[PDB]
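Novice: Experimental structure and its sequence below.
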Amino acid sequence: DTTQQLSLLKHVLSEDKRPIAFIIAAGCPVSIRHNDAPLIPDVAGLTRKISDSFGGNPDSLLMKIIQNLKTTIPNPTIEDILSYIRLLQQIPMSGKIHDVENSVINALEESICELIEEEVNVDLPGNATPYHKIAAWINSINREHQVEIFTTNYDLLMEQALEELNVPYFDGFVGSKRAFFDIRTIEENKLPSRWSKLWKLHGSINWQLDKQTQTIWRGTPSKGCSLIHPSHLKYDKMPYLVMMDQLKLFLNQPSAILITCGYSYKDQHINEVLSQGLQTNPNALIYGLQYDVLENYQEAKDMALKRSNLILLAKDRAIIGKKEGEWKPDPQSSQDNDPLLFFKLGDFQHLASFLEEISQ
Amino acid sequence: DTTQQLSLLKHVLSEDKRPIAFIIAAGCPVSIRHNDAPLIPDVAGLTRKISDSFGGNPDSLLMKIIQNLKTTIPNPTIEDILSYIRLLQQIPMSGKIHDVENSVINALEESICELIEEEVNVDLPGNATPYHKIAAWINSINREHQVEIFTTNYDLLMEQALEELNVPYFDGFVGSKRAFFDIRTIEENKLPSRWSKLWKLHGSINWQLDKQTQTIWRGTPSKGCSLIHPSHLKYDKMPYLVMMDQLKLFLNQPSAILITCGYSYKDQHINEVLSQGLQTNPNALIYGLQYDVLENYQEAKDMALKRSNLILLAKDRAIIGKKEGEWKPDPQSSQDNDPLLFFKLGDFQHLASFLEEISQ
Amino acid sequence: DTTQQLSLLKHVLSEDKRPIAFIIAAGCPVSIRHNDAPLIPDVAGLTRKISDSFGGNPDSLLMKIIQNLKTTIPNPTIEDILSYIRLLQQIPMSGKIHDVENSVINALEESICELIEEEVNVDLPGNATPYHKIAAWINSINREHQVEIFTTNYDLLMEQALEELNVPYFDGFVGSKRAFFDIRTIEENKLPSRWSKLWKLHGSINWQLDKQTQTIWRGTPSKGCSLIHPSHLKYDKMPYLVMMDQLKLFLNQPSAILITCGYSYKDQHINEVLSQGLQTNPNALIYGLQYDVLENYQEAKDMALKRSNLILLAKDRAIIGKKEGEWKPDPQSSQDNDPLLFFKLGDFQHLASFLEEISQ
């Protein structure tokens, strides 16, 4: 199954007549090796580090909230904790749910945001990182269709990699000193065809909000960025709907393609927008790739079984057009002991090698 | 003479079929009143403040250099002083010219740059400033030709005014974290027709240089900007030639227009590029306006008498097509005492009022 | 490797639908044999003969300047010496750097000018010189695209060769008595398609300057030509920017070609303009050829490794599209002793033989 899918991917990517996109999740930042440690400890790390940072003391309100969510949510996460805290702040919650903190919940969320900001505020080391290889592939060949990138992460790795290799891009904001969120140019969609486009669905660490005019602007990361929101904020002083609209509008073009790397399909809104756009445009494709074993992804299998133009691929088996297939007999592992048929090419580093090979 | 020039300027500006530009000099920042004091004391102020800052002591090197320049330059200028200092730094000047400072000339220029940064690093107060009126005029009516702005100033007033009123623009750099100087898109010249363009010929306070790769990028104003240069730097790690080329290339459009506000035509390179472009394209026009009396500008008179399509205007008289005319008899001043015929409409505040009147 | 590259060069040159250019450096004038001595002693000669002309006396200013430059420049050259002297002249250098020469620096640079002028003021002997063969090739076949020549030299050999074989050309100046530098026609670019174009980037020996109007004109070589400047002169009374711009503008034509003969890529500005134009237009090609061994050219190897459309060729190895290859096994030398694989065609005389063979 390796040769056929590899060749098909090569042919589909080599053509310059089709739109291309990416979705970048925590797998991409974690795939970078540093001091034999993860560069960013992903969502699970960002949860356990907060849990240990406030300690195991039951007097801590954050532990109380975590165990409260354990009753309803089997595996609560930082996104759920943040949304829960924001809801609790949204109404005058002076009751027993907030009996521990009459007003210290604001301090708790402030500390959580500051610690996340400090943890994800790093930079790309060297020039051998996979992001540099991806940008090299992007600017290697001029194509009549722009290459877009959708990011669910908070780090600025992709921007830095695109800047170092001198690839222009437009991320929504226009300006120099404290750039505003320009709306009209987003829907005009008449930027130079040579530009890329980098949409940040989940926000970023440098987005900030000024309450005096209740307007957002991207500047430099200061202490406490108020648009860290994992898609949980006010109504449309909010760019989230616009970025989702852009994803949808992209999906509806003819012969559209998309690739997800590091995505686990554990977000409801992303999943339903992908499904709805994939239904409205039968020509749309999603070549989802999972580095983990497929058995951990029931949501991905469900989505793949509900639609025929979603070539979901995994480490062990594959789902090609509502039919599930496993790895055919090939000498993937030379060693006789444990002859596991694993798709080692689904990891981000291997993907970057693949793109570099295509480009050269 | 008031009605004819006012009406014809109204007609030429009201049309949307012609390119328009501006040149913005120190007259525009000084025209702002603050505490009954100038917001920025202009080049003369930025010279006297440095002169008094090091005191009257003749043992100091800066006043030594100033009096050295007095022998050759009748009225030395901070531009000339900076160029002279940089030039002295270019070669191992251990001689009597630099006998006072074997190596302290670097500290002297560092202090000059730091004080310039501190003094020109301010912001627009309120929403009644003329820059806001200009931006309101720019975005008031959509025009098929983009409106450019060339400025030789160091302050970021124009950027702030344009982005507060939601006006997109492109100043050469493309990016988010540390935007690089993108070159190709500058000469492609296929940006969206709705965008303005803001070119900074003399550099800015936020431009910075990384000597590790000898590449420039625009970031945030930090401790000492290495692109403070009033057009005196290295060869083509330097964007000055590109912005000059952009002015020239603009001048060659058919039916092109240009307006200079606060410019005294005291810079030779700008003057020669204006003259050469005006000669190559007879359709080009320059409606240069001077706030001061005409007698103070010999260079402007020379250029106006040299070319036929340079409709130069002043406070007292005017030069329209190589012929000089004075103010016709009109009741400009109601008072019998001192019936001075002065074109008070040439001031920047009055100009902003005129633009607002045209827009409404 | 000989046959394939020779055939490919024959095919690319034989086509008449592509622009062609040349770059001529000191290798071409030195390749002429005269009295078993070099016709022009190249930059090394123009340095060492000046050094010996003023003698080894340490009291001389020129020897002091050379030893001063040795501290910063490991191998100072006549270009560097001239630039340093002009730079010292630019400011009232009455200090210890010029203590020996209160005003003798002007005399030193003068004497240098007349000496180099006398040394490079010669003529083509006979009709068997390679320049005659090149001109014969140029006018042998009518081509729809003009053949340009860029010269970094000061000699008038190429003009004489083109005149003798009746080949028209335009070198920028238009006129008969004191031909002025016409600017408009340069950028109109509507000369007759049969004309060649000869651009002099580094100036030439017959250019002169009149200080009364501060305008340049080409006349006859008189006592002291004020435009021998190797690209170190005043701002845009200076045609250097125009000729460099012409090189750049040429590089942007589709399917453009270029050949450098005798160039060592030792000039920063030419190198960066070549790199930038080669980057902007991937269709641009540079078939740089070196008569010397490639191991002496780190700059050329760097440039070739940074771009993919620069088929750099040398005497021993070759760099074809960012990949380095060496000479394949062939009986290049019949003698068993020292079977060195050397590309004898890289010398100018052999190149002229190749061109005339192609033409016939």
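Specialist: The structure has been received and is ready for your questions. Numbering: from 1, shown residues only, chains lettered A, B, ... in the order given.
Novice: closest point of chain A to chain C, which residue?
Specialist: Residue nearest to chain C within chain A: residue A:142 (8.0 Å; CB to the nearest CB). Where C-beta positions appear, they are placed from N, C-alpha and C, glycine not excepted.
Novice: mind checking how far that residue is from residue B:184?
Specialist: With distances taken as CB to CB, to the nearest Å, residue A:142 is found 11 Å from residue B:184.
Novice: hmm, back to that, wait, isn't the residue of chain A closest to chain C in contact with residue A:194?
Specialist: Yes - Residue A:142 lies in contact with residue A:194 (CB atoms under 8 Å); the separation is 7.0 Å.
Novice: between the two, which one's more packed in?
Specialist: residue A:194 (16 against 9; other CB atoms under 10 Å in any protein chain shown).
Novice: Scan chain A for its longest helix.
Specialist: The single longest helix within chain A, with elements called by DSSP state H, is helix A:105-119.
Novice: can you tell if that helix touches chain B?
Specialist: No - using CB under 8 Å from any CB of the partner chain, helix A:105-119 stays clear of chain B, coming no nearer than 15.3 Å.
Novice: what does the next helix or strand after that helix contact?
Specialist: Next in sequence after helix A:105-119, counting helices and strands by DSSP states H and E, comes helix A:130-140. Residues outside helix A:130-140 that contact it (CB atoms under 8 Å, 6 or more residues apart in numbering or on different chains): A:28, A:31-32, A:124, A:147, A:157-158, A:160-162, A:164-167, A:196, A:348-349, A:351-353, A:355-356, A:358-359.
Novice: if we go to 7 Å?
Specialist: Contact partners of helix A:130-140, identified using CB atoms under 7 Å, 6 or more residues apart in numbering or on different chains, comprise A:31, A:124, A:147, A:157-158, A:161-162, A:164-165, A:167, A:196, A:348-349, A:352, A:355-356, A:358-359.
Novice: Convert the C-alpha atoms of the helix or strand following it to PDB, please.
Specialist: For helix A:130-140, the following helix or strand on the C-terminal side (DSSP H and E) is strand A:148-151. The C-alpha coordinates for strand A:148-151 follow below in PDB (Å, rounded to 0.1, in the frame of the first residue of the first chain):
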ATOM      1  CA  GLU A 148      -3.000  28.200   2.400                       C
ATOM      2  CA  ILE A 149      -2.200  27.000   5.900                       C
ATOM      3  CA  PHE A 150      -4.700  26.600   8.700                       C
ATOM      4  CA  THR A 151      -3.200  26.400  12.200                       C
END
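Novice: so residue A:50 makes contact with residue A:114?
Specialist: No - at 11.1 Å, residue A:50 and residue A:114 do not qualify as touching, with contact defined as CB atoms under 7 Å.
Novice: Give me the more crowded residue out of the two.
Specialist: residue A:50 (18 against 14).
Novice: which residues touch the more buried one?
Specialist: Counting by CB under 7 Å, 6+ apart, residue A:50 makes contact with A:78, A:112, A:115.
Novice: Same check on residue A:47?
Specialist: Neighbour list for residue A:47: A:77, A:78 [criterion: CB under 7 Å, 6+ apart].
Novice: Could you rerun that using 10 Å?
Specialist: A:41, A:66, A:75, A:76, A:77, A:78, A:79, A:80, A:81 (CB atoms under 10 Å, 6 or more residues apart in numbering or on different chains).
Novice: what kind of secondary structure is it in?
Specialist: Classification of residue A:47 by DSSP: H, G, I helix; E, B strand; the rest coil places it in helix.
Novice: And it, how far from residue A:128?
Specialist: Residue A:47 sits 30 Å away from residue A:128, taking CB to CB as the criterion.
Novice: how about the helices of chain A, start to end?
Specialist: Counting by DSSP H, the helices of chain A are A:2-14, A:27-30, A:42-53, A:61-72, A:78-90, A:105-119, A:130-140, A:157-164, A:184-188, A:240-251, A:268-280, A:298-306, A:348-359.
Novice: Mind giving me the packing neighbours of the last one?
Specialist: On a contact count with 3 or more CB pairs under 10 Å, 6 or more residues apart in numbering or on different chains; DSSP states H and E, helix A:348-359 meets helix A:2-14, helix A:27-30, helix A:130-140, strand A:260-261.
Novice: and those as CSV, adding mean neighbour count?
Specialist: Shown next, in CSV, are these (neighbours: other CB atoms under 10 Å in any protein chain shown):
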stretch, mean neighbour count
helix A:2-14, 13
helix A:27-30, 22
helix A:130-140, 21
strand A:260-261, 24
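Novice: Make a markdown table out of those and add distance to residue A:177.
Specialist: Listed next are the helices and strands packed on helix A:348-359 as a markdown table, based on distance: least, CB to CB, whole Å:
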| stretch | distance to residue A:177 |
| --- | --- |
| helix A:2-14 | 39 |
| helix A:27-30 | 29 |
| helix A:130-140 | 27 |
| strand A:260-261 | 35 |
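Novice: Select, out of the ones you listed, the one closest to residue C:321.
Specialist: helix A:130-140 (13.3 Å; CB to CB).
Novice: Direction-wise, compare that closest one with helix A:157-164 and give the angle.
Specialist: 50 degrees (axes from the mean of the first three to the mean of the last three CA atoms, to 10 degrees).
Novice: ok now helix A:130-140, how far from the chain's centre?
Specialist: How far helix A:130-140 lies from its chain's middle: 18 Å, per CA atoms, centre = their mean, to the nearest Å.
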